[PDB]
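These notes are about the structure you will find just below.
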Amino acid sequence: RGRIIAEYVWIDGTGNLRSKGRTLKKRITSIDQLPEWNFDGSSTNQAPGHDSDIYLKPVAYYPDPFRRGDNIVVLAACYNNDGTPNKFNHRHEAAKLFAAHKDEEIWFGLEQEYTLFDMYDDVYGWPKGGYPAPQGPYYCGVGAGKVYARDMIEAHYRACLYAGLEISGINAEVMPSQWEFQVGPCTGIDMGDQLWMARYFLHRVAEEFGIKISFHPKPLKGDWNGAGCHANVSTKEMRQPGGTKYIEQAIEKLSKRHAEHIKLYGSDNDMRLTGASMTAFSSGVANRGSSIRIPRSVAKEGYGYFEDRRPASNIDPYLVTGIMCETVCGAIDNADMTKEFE
Amino acid sequence: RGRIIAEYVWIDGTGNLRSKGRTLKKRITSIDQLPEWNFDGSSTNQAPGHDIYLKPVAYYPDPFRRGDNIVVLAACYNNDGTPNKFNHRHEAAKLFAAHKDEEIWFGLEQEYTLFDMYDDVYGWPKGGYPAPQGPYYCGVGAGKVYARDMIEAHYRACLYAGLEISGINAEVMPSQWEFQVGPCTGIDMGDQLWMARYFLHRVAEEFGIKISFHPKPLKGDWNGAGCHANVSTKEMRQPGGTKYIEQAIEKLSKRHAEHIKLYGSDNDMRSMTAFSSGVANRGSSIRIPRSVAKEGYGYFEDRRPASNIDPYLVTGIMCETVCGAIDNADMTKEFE
Amino acid sequence: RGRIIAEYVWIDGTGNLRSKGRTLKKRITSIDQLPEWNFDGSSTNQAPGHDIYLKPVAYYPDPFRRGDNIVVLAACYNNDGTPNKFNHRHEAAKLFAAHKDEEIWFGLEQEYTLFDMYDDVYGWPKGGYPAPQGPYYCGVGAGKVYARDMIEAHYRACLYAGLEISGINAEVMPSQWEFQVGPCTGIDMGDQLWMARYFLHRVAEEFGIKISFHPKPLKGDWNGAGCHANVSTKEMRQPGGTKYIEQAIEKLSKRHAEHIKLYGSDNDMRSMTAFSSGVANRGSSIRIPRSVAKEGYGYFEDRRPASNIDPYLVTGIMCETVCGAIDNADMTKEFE
Amino acid sequence: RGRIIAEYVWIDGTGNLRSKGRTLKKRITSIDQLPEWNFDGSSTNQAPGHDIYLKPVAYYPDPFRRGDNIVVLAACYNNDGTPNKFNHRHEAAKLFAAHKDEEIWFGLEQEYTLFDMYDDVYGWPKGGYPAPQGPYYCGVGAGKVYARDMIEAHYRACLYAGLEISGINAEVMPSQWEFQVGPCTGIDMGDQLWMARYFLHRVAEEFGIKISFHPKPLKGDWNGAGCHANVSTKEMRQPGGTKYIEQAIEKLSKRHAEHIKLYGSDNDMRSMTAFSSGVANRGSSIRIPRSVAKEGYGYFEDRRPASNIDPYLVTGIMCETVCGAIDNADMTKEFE
Amino acid sequence: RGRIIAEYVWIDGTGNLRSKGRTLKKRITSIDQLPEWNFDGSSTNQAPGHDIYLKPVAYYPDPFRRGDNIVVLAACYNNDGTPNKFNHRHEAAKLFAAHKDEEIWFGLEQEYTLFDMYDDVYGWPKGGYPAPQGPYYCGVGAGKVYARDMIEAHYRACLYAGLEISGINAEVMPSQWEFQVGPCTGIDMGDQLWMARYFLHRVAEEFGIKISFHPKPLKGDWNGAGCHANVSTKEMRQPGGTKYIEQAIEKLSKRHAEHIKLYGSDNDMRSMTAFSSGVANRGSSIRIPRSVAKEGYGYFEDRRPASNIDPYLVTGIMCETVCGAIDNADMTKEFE
Amino acid sequence: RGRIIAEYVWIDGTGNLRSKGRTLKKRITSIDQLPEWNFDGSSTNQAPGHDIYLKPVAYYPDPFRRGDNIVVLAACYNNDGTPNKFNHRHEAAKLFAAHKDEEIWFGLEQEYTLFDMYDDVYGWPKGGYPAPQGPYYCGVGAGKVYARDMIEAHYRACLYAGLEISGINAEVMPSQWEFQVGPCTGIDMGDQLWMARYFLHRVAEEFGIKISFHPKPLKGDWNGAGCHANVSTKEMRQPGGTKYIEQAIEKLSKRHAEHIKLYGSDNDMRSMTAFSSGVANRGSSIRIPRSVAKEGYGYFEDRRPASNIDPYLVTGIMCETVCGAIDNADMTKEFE
């Protein structure tokens, strides 16, 4: 009725998004018009029940693919009443690094894999009490039994596009009712911001289909595929001719900090990077077995990007892209990614 | 077909809304054009069986009928001309009219809880319980929130009607929600919250969901349901306010019992006897938002009223004790 | 495709409507363009098996077929040219035509009750009962009202057809409703109520709901179903009316039995032998609205007729005894 | 295989029975052969988490395991040797032992109410209600009574165990029943009722029925649930009794509050403050059966105790105030 | 038809029993009459695909086949004559044979948890959870206990087979149970517990129930599942025992890690690194029953072993460290 | 009522049994008392439509009808007196009669697979699959095995009938089983296996389970279904046997193709062209049990025949090539 609804979305003290909505008097035209806000940090595992009580700083906003119209979704970062970034705010720390290395122009492209579930916490669409056929016909599948919940997956794609997210593509994965969507390329903090919104959209749209979304790295024990979030990386140098030079350089720095990265990179990733391997670091061209993979395409052309296949589906992009920049572009006395684990 | 439908909505002798609809010859452009009306007070627990009248008080576009169709909030007057037992709008109005100068503003945070057609908590495991509280507050994800589509429909409805609905959010207990309305001035708070409630019940009908304003729908550690009344006068809103805010809080401290007596039934299952206040304190009776405190002016949050409150009674007595009594009216007596 | 569908609706030898449809070459612009028609009276209990005719009486836009499609209310005439056993429109017409000058106005309050495809009360607990009466009258909220969407659809339908549908409301017994049609003049009351009924049955079809005009659908304390006929003549409507209102009420008091005899079957399960009247009196046979009384002119409410009444008979005999008999017609005899 | 199973049953720190079973080498022929035993009092709300003991008190044939298998009613003693918070059998015993000479007899009328696995009244219409009360009391016919087969199984069980179960009947509220145990002497009343309750819960398990000893399972006019304690001493039972019956009734009248304080929780939802008595009076606190009155001797009916009473407390304090206090024990204090 | 069926039951290369049946010409009267047998070790994870043998070790009446039909517990030996990877019965036997003189007795308390055909906790609310723990331990009443009939069937079965099954009880977590077997001597404990387990799985098949010996079937505060091993030697059982009991407890304290290493997988989700002991202490690693303590002789309870333990390994290493090692065998090495 | 029922069972022109029953005046005590009989060979694919005869061959107690009722295995002869296309019992008999002196013994291991009324694998996930093979072979526990009760009923049946049923076991593929019959002499092997099959189909009827003797019921890695024929002559069974065992194995190696041609249809989906032999070798065509090898005498296992084999053909040609051909009969020609 002349007014606008802004859904504030933020990240909690578990691995999830949270949101609430507020009416605004007028259409928004810049982040500056968006007010600070707050919530009960004790209901989200971010505060104690006194120094409890956390604040929301608008960071990005997009058209609401659900409410549509001039209604909007606002990505907000969590700051304690100190003014300090909450335990679970890692956007600030990463921002520091991206701001420092502005000049390198790091680009990221994440490949977000996820797995679909019943309202009853069983794999979505799988035979009651049993299993689908063995893997093989599901990857990039087409046909009634070959793919699950495509309509929900497509709705999400649409949503992301409407919001103007840099959603590059989508595909059905190897395990039945397991999917992927890719977002990129984004610069620095954008990668984190956009993937987090894409995730909000995913959860939220799936609600409408009674589907639960699982970012667990190994939703099903056994030979059923795990779920990763392959982080693709590049700096300005790597993108200009004679790049595999700096690509190779980066891969080597990366090889020295394998443990520090893995420590971010996702919980129970140990049931995925498994033997790819949790303790071993390797790299090579066209190698879906290595820790870092240089696309044959890149190799043949002498410039491009590399694929870090180590990060799990459940990673916090701020942490991954953050420490990636830290070790590829260089540390700062101003910030420590691995310490950002508070 | 050229004609208009007006749904008359009023408050009964239980804790509910009632309504009927009538055709009108032409589109309405002012409250003045809306006719008095009436109903059988004995079928709603407001009369004995030997007939009440409806005085249009506010009207809005009907979010359900849409078009030039309209919803009319009506107050109940007996054939005396006297306000029915359950009409507390009139009493409150007196106070608001007296203290016009102060310009009291209210913002209510209405919490409610969803239910089956079978009177079981909506969406809860059959015969059992969801996971324990924690992941539901402001939730997002399939199991984390219940009936969002209904909740959203309500939001939309309220906006269409032009209600001052400030926001919505999922609450701590699964299938428990909140919507906030404000700020409104004086009688508007009551009027608008009541309409928002009509819209809530009404829209939920379409989902087969019953709405519960009970203060403690589930015994145990499952959250209660409140209707936090936020309050401010012109003085409090201008710099150097926490002065008058503090003054108000103190007057309020002297009348804790009289307020509690309004403030909602079986609120006792949701401290009832203790009065306290403090900045950033979701434990106190009255809470001064840290934001307000840091800025020196604003409003305060009375966290005492239960979800099932009558806004006329709450906003009424709030004004009475914050702004000052009148020999012309007694809020606490308005309990007839 | 350039053509028009006209649904002919008529009244049968049970208490129901019947209909069939025919294509017409062109849009209709006056009753005169509508053709006579016919049907097998033996399949509707109006003829013996050795054929009845349909005389268009009124027509409206078809709320169901929409477009330039139309619904036609037809009266039943035997091959004699005589009005069928169950055509009481003609008899009544005589009276209305006689007393043209008085300008009788009617407003009927049609109550009805909803039912399963399985002939159980619609939406009621399986094998059991809802809570006891009280929260259903003018109800709002998920358990408080049944099939509102169907009821609304009907309201819309009537309005589209341009019927004089004045308002709707949920009644006292759960899944029992009312709609009001008025004011209509003379024969119009009958015509329009009958169409509204067609619309009701017809629209409810779409919800698998059966409509019951029985006066006492459930035995016990569950409310009955009436069709309160509201009445007024030109004199009663102009100041100093309650004079002629009172006069009418008295004439009515002398013909209580004759009226009751029309006024609906097993009305006895809904006092049948006593006649009384009084202002603001939902207990009397005729009720003068307090509003009317206070203002000195208006109308009166005859609370006697049952839900299942034939409006032609009620409005007919009402005129007969309020305005005056005719040697040209006998309402009570019209029972053939 | 030559061996015996003994199920030990005891009372917990909620209002329930608990049990476990143990193999015994040989058939049991006296209480003396039954071993002490124990359990984790912290898992039953009787100990803190830093262990309670079971003293065999009575034993009977197991109606469920049958054969030479047996059920053992055990009392709870802390490691002090002191009777647990919730062991009131010991305290009462003292009184019964003191007044051995009077030979108090009790007969309790245990009413209970049946429930779904889903905590809804057993067999009641889904989301709704049966017909109103009237046809259910001592009912017979398919709709008139609920779960008779379970009720009968329990009757059988009690008889097999050799309990003094005097009779059974269907109560006023649908799916509400009664069984009576008596007459029993002193401690036996408590022991046998508790076992009967074990048997009830246990047998109902087999029908997926939950048993409710709540005093008012359904709010409203639906009947509450009581445990009418019938009382008599040797004097009352011999001619010229209503003398001592009347005497007892008067002592009882002086200790109405002290009794009520035992007599069952939320009994307030089932008069609580008024004490009265009279012959053939289902309205009074104590009722003298017309039969007793006419014959001059017998017993009296205390209609005050609620369904959820602990027989040890009721029979205990009954004896205390009817037969006389002891410096050795205080029933009302036994509330630890 | 004159013939006998013997079901051979053995332990596999996962944590389960396996079995097949064979006809025998005549009733069996001693283990000596039972033939060796064999199976495809590659189908059970005990051989590579280039064949294991079954040596009858104990036999009982078949509670399922009944009659003169019999169940045969067989140990697995490779074609070397050597005990299979997963045969730990042989190693333990050595120790028991060595310390024949001490006459170790064991009593195991086997806890287990029930499951759907769909691998969800048996009987738990669909997608949700039962009420929180408290009312389930030794529960009685419809909601308080799950699948009692199956549990009872098992009890019966074990008794028929003549197993030393001492008792049964419902555990703290809903649909979690315990049965106790003892006291048994040396190798018997292992043999009998394994048979009891066969019976449990097998009988539950008939109720479509899966049995879980996992130590923590549900993450959170829901109880884990243990197999408390109770231990005693002849010395401990004769007066002045708590001497040797205390001695044993100390030896045990030195080998906490070595024991824990047997004692069950993911026992870590059920303190793992700390060793402690004390009288009446359900918190310690070893608990001396207050009863034992007060009487000066008896047994001790090792509360460390998890539900999924191999009794051969637990009782074996218990003897090794309590009674003394042998150069002839190493329990902790028996992990091949 | 004094009378007897004899069910005649025979083999048809598909791969199935057929049967009908007849009343007999008196209990049967020798095959001689059983009458010839007949049926419509055209309804079973054995005749053209221009009539076959049943010659009783063996009889047993009817495990289904019980009492003195009996099952009769009958062979099919055309009106010539010649053995039907599908009667291979006669041909085989010749060979067994010839080599009476050798006393061939057989033991068949009949594997089969269970199916829905809907032709889906019995008990398998709807539209999907169980876990991968491994836990099912000789399984025990709820998910590990399918329809054990049916399987057991069959075992019982076979025993009652007095068949030489040696044992049963659950196979590798879920809902796939085995039963073994042996040792039998010559024609008996065929007779008894065929009856066991009758019993299987018949008893399974009662569980709505279809039985599948197909060699590869599910394509893929799911196990096939075989009918391992175990063989031995008198010489092989007496010390120094593996001499003649080895001799037989070599003769068998020369006639691999001729055997395979019997041995079962689409056995190709279960090596078909390669012949090999070796001790303890579940990969070879013929396997000498390590047990036999170590002892120097015994039998050999031909692992080649498929589940769907005709035992008459297998045991027949086995004798033919192991014991020696006859000019009087040609097994491989017996394919008419």
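Shown for chain C, in order and in Swiss-Prot numbering: 21-70, 73-292, 301-366.
For all residues, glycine too, the Cβ spot is worked out from N, Cα and C.
Looking up C:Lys148, C:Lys232, C:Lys276, C:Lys283 in Swiss-Prot for ubiquitin cross-link, the annotated residue turns out to be C:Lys283.
In summary, of the candidate residues C:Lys166, C:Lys256, C:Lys265, C:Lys324, the record from Swiss-Prot lists ubiquitin cross-link for C:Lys324, whereas the others have no such entry there. Neighbour density for C:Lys283 (ubiquitin cross-link): within 10 A of its CB lie 15 other CB atoms from the protein chains shown.
Look at C:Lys363 (ubiquitin cross-link): DSSP puts it in coil. Residue with the densest Cβ environment among the recorded sites C:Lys324, C:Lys363: C:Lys324, by other Cβ atoms within 10 Å. The two recorded residues C:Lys324 (ubiquitin cross-link) and C:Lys283 (ubiquitin cross-link) have their Cα atoms spaced 33 Å from each other.
If you measure from the Cα atom of C:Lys363 (ubiquitin cross-link) to that of C:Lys283 (ubiquitin cross-link), you get 11 Å. For the recorded site, C:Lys283 (ubiquitin cross-link), the DSSP three-state label reads helix. When secondary structure is read from DSSP and collapsed to three states, C:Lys324 (ubiquitin cross-link) falls in the helix class.
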